[PDB]
Amino acid sequence: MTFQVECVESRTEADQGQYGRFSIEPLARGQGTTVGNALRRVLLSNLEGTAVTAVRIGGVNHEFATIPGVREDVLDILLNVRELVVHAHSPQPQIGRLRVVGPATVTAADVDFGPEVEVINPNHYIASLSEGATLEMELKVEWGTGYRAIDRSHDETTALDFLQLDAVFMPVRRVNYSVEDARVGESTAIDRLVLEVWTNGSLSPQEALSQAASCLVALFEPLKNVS
Amino acid sequence: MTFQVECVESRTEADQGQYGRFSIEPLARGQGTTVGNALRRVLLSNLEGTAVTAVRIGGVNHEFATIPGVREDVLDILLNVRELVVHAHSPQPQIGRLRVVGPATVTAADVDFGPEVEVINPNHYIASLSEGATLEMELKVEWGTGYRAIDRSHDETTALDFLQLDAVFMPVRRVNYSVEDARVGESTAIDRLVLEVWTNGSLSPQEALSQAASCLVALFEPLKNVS
Amino acid sequence: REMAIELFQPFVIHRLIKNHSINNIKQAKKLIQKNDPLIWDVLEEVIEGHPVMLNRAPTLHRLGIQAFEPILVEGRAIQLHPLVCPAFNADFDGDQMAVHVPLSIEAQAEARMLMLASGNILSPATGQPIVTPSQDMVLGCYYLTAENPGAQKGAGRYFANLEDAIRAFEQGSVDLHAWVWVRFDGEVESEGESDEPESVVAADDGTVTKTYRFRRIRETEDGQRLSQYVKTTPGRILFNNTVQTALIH
Amino acid sequence: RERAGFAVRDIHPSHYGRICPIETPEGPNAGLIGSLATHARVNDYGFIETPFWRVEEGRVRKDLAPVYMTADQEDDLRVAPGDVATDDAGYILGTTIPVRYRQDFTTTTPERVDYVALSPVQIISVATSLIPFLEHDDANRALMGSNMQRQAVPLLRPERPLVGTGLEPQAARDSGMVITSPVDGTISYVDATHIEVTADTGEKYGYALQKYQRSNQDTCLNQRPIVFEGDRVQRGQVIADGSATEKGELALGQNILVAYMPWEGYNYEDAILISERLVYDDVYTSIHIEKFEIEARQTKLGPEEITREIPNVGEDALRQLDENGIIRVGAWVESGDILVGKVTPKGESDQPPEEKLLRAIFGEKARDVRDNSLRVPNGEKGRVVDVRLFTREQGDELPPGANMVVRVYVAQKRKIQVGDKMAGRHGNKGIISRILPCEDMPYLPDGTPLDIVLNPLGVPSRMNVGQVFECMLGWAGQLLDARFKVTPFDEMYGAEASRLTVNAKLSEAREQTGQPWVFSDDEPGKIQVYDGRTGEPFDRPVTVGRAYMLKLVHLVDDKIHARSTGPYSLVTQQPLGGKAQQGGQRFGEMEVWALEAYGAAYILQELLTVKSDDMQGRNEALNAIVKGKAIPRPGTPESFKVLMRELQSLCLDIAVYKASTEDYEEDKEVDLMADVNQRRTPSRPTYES
Amino acid sequence: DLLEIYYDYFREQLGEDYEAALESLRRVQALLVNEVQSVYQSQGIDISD
Amino acid sequence: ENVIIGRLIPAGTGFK
Amino acid sequence: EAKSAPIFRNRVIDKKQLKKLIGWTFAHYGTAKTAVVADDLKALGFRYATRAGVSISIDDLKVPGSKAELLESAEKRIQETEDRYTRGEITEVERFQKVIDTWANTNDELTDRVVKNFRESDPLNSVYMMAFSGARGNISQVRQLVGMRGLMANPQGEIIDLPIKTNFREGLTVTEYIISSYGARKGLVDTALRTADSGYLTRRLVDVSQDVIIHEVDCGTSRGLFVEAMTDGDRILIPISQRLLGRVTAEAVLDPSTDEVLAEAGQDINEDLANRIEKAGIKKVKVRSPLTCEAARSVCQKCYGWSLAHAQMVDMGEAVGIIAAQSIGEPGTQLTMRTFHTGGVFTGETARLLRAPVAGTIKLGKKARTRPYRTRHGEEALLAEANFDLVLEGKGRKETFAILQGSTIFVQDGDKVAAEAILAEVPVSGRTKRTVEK
Amino acid sequence: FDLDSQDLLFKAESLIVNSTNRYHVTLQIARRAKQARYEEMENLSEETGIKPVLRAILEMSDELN
RNA sequence: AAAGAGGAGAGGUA
Ligand SMILES: Nc1ccn([C@@H]2O[C@H](COP(=O)(O)OP(=O)(O)OP(=O)(O)O)[C@@H](O)[C@H]2O)c(=O)n1
Ligand SMILES: [Mg+2]
Ligand SMILES: [Zn+2]
């Protein structure tokens with residue numbers, strides 16, 4: 001109604017993540033709790049992102065699940081792949097191929113993710129290789145929301161060609177909010193809302209806040225035409 | 001984002017309250033709670049109304065006195081007239097007058113407020129008078145929201161021999177809601193929200209829903225610009 | 001505020017005379033009695049940095065008097081931190097407390113450096129802790145880390161870092177008492193853990209996997225570890241993450 | 001008290017049925033003051049009797065004029081308690097009956113019994129007999145509940161309990177505020193101060209009612225009508241009631257919704273969290289009345305006068321007075337307002353006599369008087385409801401040496417707030433720590449928010465589980481509109497009587513209302529509850545019911561006190577003691593031990609000298625603080641000098657000496673009662689210039 | 001009387017009475033401390049020595 | 001004894 | 001302040017674990033981190049206590065289903081005793097003692113069964129959860145809630161022979177309420193009448209030692225005191241590691257295994273050194289004590305040792321007499337005013353029974369010297385005069401027990417003892433209580 | 001303000017740790033605070049928004065470096 | 001300029 005929004009502090013972490021703090025004031029006695037809770041609920045579970053959904057590793061023995069020449073087995077590679085952050089500019093899925101030979105340390109910068117998909121952190125550790133070893137991998141990306149778990153496959157799978165992974169499409173990593181007194185002098189009750197957002201990097205906190213606010217406005221708009 | 005809202009039941013109690021049930025569907029997996037809790041919180045605290053804030057009785061100057069011929073004392077009469085329900089069509093305050101004589105049962109039906117104020121329940125019991133008794137009264141009406149306590153700081157004694165009252169402007173009595181599964185064979189986790197409103201009588205449930213939706217939209221709109 | 005405006009009168013008078021030049025003492029006293037709004041702004045900064053002493057009636061040992069830093073509240077009752085109640089032996093069902101104010105600089109220094117309530121950790125009678133969580137914090141920490149054969153949803157999942165488990169819990173995809181595997185490198189103690197490797201599997205290129213009741217370790221040929229996974233519960237992860245985070249700030 | 005032994009504070013076997021074994025003070029005189037039992041009576045010699053029923057061959061004769069017996073008459077007979085169960089009020093069932101013989105508990109066959117007690121509650125007093133489900137509690141909690149039931153405040157609109165015991169009407173009737181119809185007639189005239197009853201024959205009876213009077217403890221006494229005009233009444237029907245009674249029954253508290261669960265630390269140690277509906281619905285709002293007095297004496301210098309012309313005061317301080325100078329009825333007064341204006345003609349001599357003699361010779365008579373009028377004390381406000389004036393020439397018996405007396409009455413209304421004490425009838429007490437808006441409290445599946453939240457941690461530690469029975473019965477009572485009454489010691493009819501009764505009532509309520517969520521079979525007493533801040537249900541169902549709660553006379557408004565500087569004592573010159581006279585707090589020797597154990601010497605030294613009785617250091621410290629400089633070093637306290645003078649008065653040669661630094665010179669006595677610095681020493685600290 | 005017994009025995013056994021007094025007092029002190037600590041430990045009270 | 005006459009106690013900060 | 005990483009505690013966290021964590025944090029990081037750690041733990045516990053929704057109900061109080069048979073056996077035994085007294089074979093004192101012992105043993109067995117049933121049936125019960133997590137309750141109150149109250153005591157401290165066989169969930173009768181009134185009166189009188197003794201004692205203690213202040217650094221003394229563990233027979237009541245913390249050694253400490261030296265002369269003992277000393281044997285240690293200080297004042301800094309509040313050596317200028325006096329005098333005064341928290345129940349303390357695990361025959365020994373004896377229950381038995389060994393032989397199992405001097409034996413050589421039969425009893429001691437007239 | 005009480009608590013703990021007697025360091029802090037207050041009161045105005053004891057603690061902790 | 005002085009009973013709260 002008669003409030004103002006300000007941005008206090010912003011940083012960028014080593015892993016290319018982002019952090020943001022916002023202050024909103026003034027509001028009525030109880031409006032801070034409702035605004036903060038609605039914003040948190042919409043931010044944490046109703047935003048769109050990209051994630052790696054299927055992988056395929058070449059040169060895998062079905063017993064001992066161990067790659068020759070690589071110090072990690074299949075489980076650690078699958079766990080390291082799930083943390084890779086991507087940002088696609090098209091609604092159709094794309095595929096990516098990785099081929100590494102010789103003694104080297106594989107990194108997310110060595111994945112050919114087409115001409116449009118981009119890799120936010122090009123320093124993501126994947127695996128290590130020694131002399132006389134090669135790594136061949138295929139990755140598939142998709143669109144979705146939230147933490148999508150898979151069936152019967154916790155992590156440990158070694159069988160069919162394309163392995164299915166449980167993915168997490170969540171641009172926003174953490175949200176906190178607090179309500180404080182902003183009376184100033186002696187008068188009716190007035191509060192101020194402080195909101196902190198940790199984002200994985202593919203989005204900026206201001207953009208996420210704008211998207212959540214737009215979603216809430218679209219949700220509540222068609223309810224005032226009943227009278 | 002696109003859904004249907006419909007009214008299922010509408011009934012009236014003994015000319016002193018209203019009931020309404022609404023169904024909203026379809027929604028996402030967890031948006032039913034998000035919509036319902038916000039609607040409940042806004043409906044129960046952030047609505048405007050009208051109430052009686054000052055009373056003047058001829059022959060009485062404080063609240064611990066009695067009138068010869070009246071079955072009740074001033075405190076009971078003040079408590080009775082505090083819970084009178086009115087609706088005003090204009091933002092300016094009005095003044096209502098009452099005069100009753102003889103053996104009678106004084107109810108709310110004999111208060112002349114003028115064509116700018118309407119009395120909801122005309123069977124509100126107020127007082128009883130025996131043969132040789134008379135009752136003369138004047139009432140003041142104002143706009144506000146929530147609970148207002150008397151302050152003895154208006155040193156300007158404009159309200160001479162006026163007895164101030166603690167004011168309660170809350171036109172909504174009860175709100176309830178529930179969430180059901182509208183999934184039909186296909187596994188997609190579609191929600192349906194059912195909302196029930198018990199209203200004081202000066203407002204119909206549809207108007208209260210529209211006002212709450214407008215307030216929520218006005219709250220969440222200014223966050224779409226920058227952050 | 002009613003108590004504070006009376007206990008700190010000379011300091012308020014001095015600050016009213018020095019800053020916001022009034023005139024003399026009589027005008028300041030008239031201002032205080034008339035209750036001008038400015039005196040509250042002056043008092044809010046008069047008391048900043050000035051300790052106060054609190055006492056309860058039966059003083060059985062030296063922990064019955066303690067020094068605190070005051071903040072102004074609206075009401076007529078004193079607010080007390082829950083973690084200092086057992087030392088005072090006080091509960092909130094009718095008790096009362098006494099307040100004293102130091103005057104000189106030496107007294108203020110002694111109150112800050114000898115009796116401040118954040119430095120009384122052990123008991124003079126026996127060197128045992130005295131600020132342990134007492135009644136509902138214990139119940140909450142017990143419920144958080146307990147066991148529940150029922151309500152096991154999302155059990156068997158694999159996680160990296162200690163933050164992925166928390167993030168998955170906040171989304172409702174995992175229960176609070178489920179059994180999950182988490183990648184953790186460090187010292188771990190369990191309950192009823194077997195010191196003998198329950199299973200040993202030796203593979204090619206000189207690698208061995210040893211599986212215990214609550215652990216799974218991968219090793220090279222008589223060398224260093226490569227990975228370690230712990231089988232635990234999300235509430236225990238929350239507890240340990242809170243403890244670890246608190247020790248770095 | 002000092003010369004009393006220890007056998008007098010114990011319970012004797014002869015007390016049963018004559019003196020209550022629970023109600024007793026909890027202080028230095030515990031066990032020395034007692035209460036008469038409910039059924040006891042005193043004969044014409046001064047001994048206490050109790051009634052019994054006689055049995056013949058094994059049948060209780062319940063229609064044969066009960067027999068009153070004394071302690072020594074029943075020593076040689078086998079007497080059974082009041083919980084023995086009979087078939088049809090006739091023969092005694094069972095085969096082993098507990099009896100009392102020769103002041104000893106024994107057991108016997110149901111044919112040697114001689115007498116049976118009338119009631120199972122014959123052993124307790126009136127206050128202890130108002131606690132339901134008392135056999136499931138501890139005795140100490142019963143004593144605390146009986147004690148706390150007598151500290152409740154009458155409320156604006158009282159309510160009688162849903163779950164009672166059956167003794168409330170007699171307790172209300174036997175105290176003298178309930179008016180009852182003495183005939184079988186009709187009602188002819190009703191008014192807020194008068195009721196008339198006309199019988200069938202034709203004669204009339206009239207009653208007048210009290211209206212807003214004062215009690216010994218500044219509470220309120222008020223009577224209100226119950227009946228209407230033209231109503232048909234009977235004999236013994238109630239037509240009016242007092243301030244703390246419902247329609248014929250005692251009513252001390254209110255019935256409110258309660259849930260047993262912890263909140264976010266606001267129930268930590270017996271603290272209470274309540275809702276805001278209890279404030280704006282005028283629940284737990286009370287009325288208090290206070291009295292102020294003033295007199296006009298006649299001094300040797302001249303009589304004092306009650307007038308309006310008060311020297312050296314503004315016009316805004318005399319708006320509400322009238323002609324004589326007495327406040328008007330119906331005015332609102334705050335602290336510092338003038339109630340009665342009194343002026344004293346006094347000839348003080350504290351000015352040079354030249355101006356006074358010149359004025360006296362010249363003339364121009366003016367005001368040589370002083371102002372000591374009556375003003376309301378700090379922290380008080382309210383309405384003036386009564387002013388009474390007594391003088392001579394009116395047939396009034398004034399105290400000797402006085403000419404006029406004025407009395408003023410002031411009334412106030414008080415609501416519940418943070419820091420007030422609340423309690424129930426089962427020994428559970430607490431202090432309110434937070435008041436919440438109703439949209440933040442937990443709510444039911446119906447959508448109704450709760451009224452109060454209590455911590456369960458305190459139920460098994462205090463061992464008072466009757467409150468759970470009471471709440472679970474009150475829930476069903478509210479759902480059914482039934483208002484049950486239960487008599488204690490109800491397990492003589494079965495094995496699980498209370499539990500089965502509560503379960504049956506709850507099941508009947510569930511069937512009648514048609515709502516399946518009000519009662520559960522897996523968790524009989526538990527319901528699902530949602531969170532008003534986020535809308536998410538809690539993990540497990542909690543216990544919900546209706547509780548009868550009271551508000552006590554210990555209010556935080558009469559407990560907050562502070563001091564900077566005030567009066568001092570005449571002899572020791574130490575600060576006075578007491579709330580009523582701006583007193584200081586005592587620093588006993590245990591606190592001195594604690595400060596010595598800490599190691600803080602400067603704090604202790606400043607406490608002992610500058611802040612208590614160093615007559616010169618007080619003003620130096622005050623002026624140094626005001627000017628922003630350092631506080632000079634202290635001297636010698638006055639109490640040491642007083643002690644030295646007192647010791648010298650006993651013909652003892654005690655003095656302080658200074659050691660000789662060098663040479664043969666002997667040590668020199670020091671004069672402690674001498675002035676060292678040429679500076680003033682006034683009686684009280686003051687701000688110079 | 002334990003002190004007297006110790007004093008007599010050690011005075012006969014040793015040469016001087018300084019050492020005898022020291023020995024007797026030491027033994028009595030140890031006995032008293034142990035007795036008091038045991039009585040306190042009978043309940044649930046823990047105090048340093 | 002220093003408490004009765006009002007001097008610095010010989011323990012703690014008043015040791016010397 | 002750093003360089004130590006916390007361990008991952010994969011277990012349930014009760015009050016003891018929290019206390020251990022607080023002690024570890026103080027010992028490793030300092031007094032400034034501990035406050036923030038405690039604040040964080042308090043906030044987490046407060047946040048997650050309300051999510052659970054812990055409540056109390058009538059059906060939450062579970063009573064074991066085997067109470068009636070236990071009670072019936074108790075009544076049979078009591079009736080046997082009363083018949084024996086009526087016939088004229090025992091006096092009144094022996095009957096009183098026998099019935100008291102029988103009821104005490106019955107109550108002990110009942111509470112053991114209650115605990116076992118509560119643990120086995122449902123571990124998430126609210127009463128169990130908030131009683132056995134160390135939150136507020138204790139066993140003596142759950143016993144009265146779901147077991148049985150037992151025997152009472154009157155204000156003079158004597159036992160009443162009529163027990164209360166019901167609990168609070170079932171409801172008392174009139175006689176049992178009358179009996180409970182005595183315990184209520186006992187607690188009421190104890191709270192305000194007996195508190196003067198503790199105050200008088202602490203005032204005397206403060207007065208006797210108000211001038212003991214640290215004035216000296218070292219006195220140069222070789223004298224000291226011998227410290228060992230506190231045991232009762234073969235059970236250790238107080239270990240030696242707890243008693244050695246903060247003390248200064250008066251002589252060098254040598255390992256009984258090798259020539260290694262664990263500590264030198266004039267070395268304070270921290271926790272790790274005390275643990276090392278206890279783990280490697282060592283039954284006695286000589287330390288510096290204030291009892292043997294040679295300072296010509298009160299005590300020196302070297303003969304005192306650590307200050308327990310700060311975990312390091314004392315500072316010069318400390319008033320230790322006041323601290324000692326108010327450390328001794330506080331717990332008794334505090335415990336006197338908490339008597340009413342348990343009603344007036346009698347705190348049991350019975351003799352130690354030796355039971356035969358399996359059936360067999362008794363072999364006895366060769367140093368066994370015994371005399372005819374009459375026990376306190378009115379029985380004929382044998383009193384031992386020297387320590388010996390009892391041999392119980394079975395089908396394929398042979399066991400030996402050690403019998404000390406003064407204990408009573410109920411069997412002889414050659415008898416055929418059945419299973420779970422009493423063989424010997426060690427009676428309670430008379431010390432730690434004051435002796436009065438008969 | 002940028003200076004919270006937690007930093008002062010850590011600074012006081014550090015001052016206590018790096019000394020042999022707590023009473024002596026308390027007396028030193030009191031003397032420094034008195035001298036600083038006297039210097040302020042007779043000259044200039046200084047950053048008066050901090051009490052002299054806190055100032056003395058800050059300078060004494062900074063001298064440790 | 002002024003303004004309370006002690007004592008004795010009875011009853012309560014932590
Ligand atoms: N004669 C007395 C009575 C009470 N007290 C003080 O008041 C406390 C009594 O606390 P109270 O609230 O009455 O009982 P608790 O034992 O705390 O139990 P609960 O609060 O659970 O009822 C005692 O511990 C003590 O500090 C005292 O010093 N002397
Ligand atoms: Mg208490
Ligand atoms: Zn020494």
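Within every chain, numbering begins at 1; the chains are lettered A, B, ... in the order of the sequence lines, protein sequences first and strands thereafter. Because only heavy atoms are used, hydrogens play no part in the values below, and waters and symmetry mates are left out as well, while side chains stay in.
In this structure, CG of D/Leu32 is placed 12 Å from P of I/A10, rounded to the nearest angstrom. The CG atom of D/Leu552 sits 15 Å away from the P atom of I/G12 (whole-angstrom rounding). When the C1' atom of I/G11 is taken as reference, atom CG of D/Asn147 falls 12 Å away, rounded to whole Å. Between D/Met422 atom CE and I/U13 atom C1' the separation is 19 Å, expressed in whole Å. Rounded to whole Å, the distance from CZ on D/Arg150 to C1' on I/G11 is 11 Å. The interatomic distance linking D/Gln582 (CD) with I/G4 (P) rounds to 12 Å, in whole Å. The separation between D/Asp350 atom CG and I/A3 atom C1' is 14 Å, rounded to whole Å. Regarding D/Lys559, its NZ atom lies at a distance of 11 Å from the P atom of I/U13, rounded to whole Å.
With sequence neighbours excluded, the residues satisfying ring-ring contact (aromatic ring centres under 6.0 Å, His included) with D/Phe587 are C/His100. Looking at residues two or more places apart in sequence or on another chain, you find a salt bridge (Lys or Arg N to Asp or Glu O under 4.0 Å) between D/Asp558 and D/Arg414. With sequence neighbours left out, D/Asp270 forms a side-chain hydrogen bond (donor to acceptor under 3.5 Å, both in side chains) with D/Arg462. Under the rule for a side-chain hydrogen bond (donor to acceptor under 3.5 Å, both in side chains), the partners of D/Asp557 that lie at least two apart in sequence or sit in another chain are C/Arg76.
D/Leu130 has its side chain within reach of D/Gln149: a pair of non-hydrogen atoms, C-beta onward, lies under 4.5 Å apart. Proximity of D/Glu304 to D/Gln298: side-chain heavy atoms (C-beta onward) are nowhere separated by under 4.5 Å.
Side-chain proximity of D/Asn29 to the nucleotides I/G11, I/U13, I/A2 is greatest for I/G11.
Distances shown here put a side-chain N or O of D/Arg370 below 4.0 Å from the OP1 or OP2 atom of I/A3.
I/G11 takes the anti form, because its glycosidic angle lies more than 90° either side of 0.
Along RNA chain I, the nucleotide nearest D/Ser349 and the nucleotide nearest D/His554 are compared for position; the residue whose nucleotide lies closer to the 5' end is D/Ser349.
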Under 3.5 Å, side-chain donor or acceptor atoms of residues 565-578 of chain D against the rest of the protein: list the pairs with distances, not counting sequence neighbours.
residue: D/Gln573; atom: NE2; partner: D/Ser569; partner atom: O; Å: 3.4
residue: D/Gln574; atom: NE2; partner: D/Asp613; partner atom: OD2; Å: 3.4
residue: D/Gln574; atom: NE2; partner: D/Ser639; partner atom: OG; Å: 3.0

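Within 4.0 Å (heavy atoms only), D/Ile431 reaches no atom of the nucleic acid at all. Counting non-hydrogen atoms under 4.0 angstrom, D/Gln351 reaches the backbone sugars and phosphates but no base.
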Can you pull every protein N or O that's under 3.5 Å from an N or O on nucleotides 5-9 of chain I?
residue: I/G6; atom: OP1; partner: D/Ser569; partner atom: OG; Å: 3.3

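For the adjacent pair I/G7 and I/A8, the base rings count as stacked: centre distance under 5.5 Å, plane angle under 30°.
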